[PDB]
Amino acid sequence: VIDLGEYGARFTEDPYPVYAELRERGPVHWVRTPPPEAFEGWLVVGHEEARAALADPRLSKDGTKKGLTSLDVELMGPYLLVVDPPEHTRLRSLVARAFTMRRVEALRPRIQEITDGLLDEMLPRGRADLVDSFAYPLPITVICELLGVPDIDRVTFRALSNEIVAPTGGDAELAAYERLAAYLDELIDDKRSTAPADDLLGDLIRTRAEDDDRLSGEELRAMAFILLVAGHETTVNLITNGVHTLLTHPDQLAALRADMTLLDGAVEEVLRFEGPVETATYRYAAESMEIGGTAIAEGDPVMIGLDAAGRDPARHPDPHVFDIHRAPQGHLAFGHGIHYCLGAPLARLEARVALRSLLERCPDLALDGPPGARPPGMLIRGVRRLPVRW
């Protein structure tokens, strides 16, 4: 066992030295995650083995095949990240068309408009927390409107969602899930009581009524859960980590400002360097198998370090150098394989628009002190707060 809680807050703040320590000793290792989680299992820290692990049919995401149960599954229902083919294939079909880049570009003007408004409000203040004034409100606004639930309670949803994704206590975690399941049941019933609506959630409602076996009521609830929660807690961090990383590497920021053409690739290099999802979600071995010649037992949990893979020097030369010209085409920030992030085109767009607009409208943007508290859970990378001035 390697208890990662033993490295304390240093690891929370900067995990990469430890991932490097481990990657030198091999591609995979049995570990205990830090508190409060304290989860035991195989952690994959090399790129090639991480990548292959992400595409491996021997790793199930569905704990109920082993009689195991979790709060998400029982209270929200089955959603994409906790199902294997063929069920996965069904559910993903329902939504995949909605999230291609071509389709998602239809939202650009609204995204640009939300971005302009938030900037209009923030800029006169001369300084702000980037997170509250900008990075948080943009994603949430966009995903609610695409879902067709524009009028939701942001503040409450964010608090419920905050707990769910980075939990503090086990009772507060349970509390969050019950309340969010109830809130989502209610929002689904609201949509059912209105005239038919041309948005994603409306489309899902209709699909279930046309054929119960294509989509159960449980799965309908759980889809809305995952789209809303991924839809915000995570693009927020990409934007925030983007700004933070640019403003702490002012030569890259200068190079970008000199050629704004470099933006899309800059965003990719942030995905590599400080990817918001640090470790991938739940997998276990469906059968006995091996990762780079280490024996893994049937039922063993496998955690794939996406960000550790991003800093593997075997894949990414000078891995700790943030270089916007690298424009890395092969990072695992969005996963790999059949579960490859559904939202990747949308998240890219949002961050693209946010960063360009923020940069063009704040030419002397600068960090206004150290950033706020990092969430515990080495499942997420980001900061609760980012004070900036301009």
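Residue positions are given as counts along the sequence shown, with the first one as 1.
Exercise for review: With reference to the PDB entry, specify whether the mean Cα temperature factor is higher for 352-360 or for 59-67.
Suggested key: On average, C-alpha B-factors are higher across 59-67.
Review point. Higher mean Cα B-factor in the deposited model: 220-228 or 294-302?
Key: Between 294-302 and 220-228, it is 294-302 that shows the higher mean C-alpha B-factor.
Check your understanding: Highest Cα B-factor in the PDB entry belongs to which of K191, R311, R283, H88?
Key -> The C-alpha B-factor peaks, among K191, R311, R283, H88, at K191.
Point to revise | Selection by C-alpha B-factor (highest) of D129, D203, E113, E269 | key: Highest C-alpha B-factor among the listed options: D203.
Review point. In terms of the chain's CA B-factor thirds, is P34 lowest, middle or highest?
Key: Answer is highest: the recorded C-alpha B-factor places it there.
Check your understanding: Where does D251 sit by CA temperature factor within its chain: lowest, middle or highest third?
Key -> For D251, the deposited C-alpha B-factor lands in the lowest third.
Check your understanding: Which third, lowest, middle or highest, does the CA B-factor of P276 fall in along this chain?
Key -> It falls in the bottom third of the chain.
Point to revise | Chain-relative CA temperature factor third for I2 | key: Within its chain, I2 is a highest-third residue by C-alpha B-factor, going by the deposited values.
Check your understanding: Based on the entry's values, in what third of the chain does the Cα temperature factor of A96 lie: lowest, middle or highest?
Key -> As the PDB entry reports it, the C-alpha B-factor of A96 lands in the middle third of its chain.
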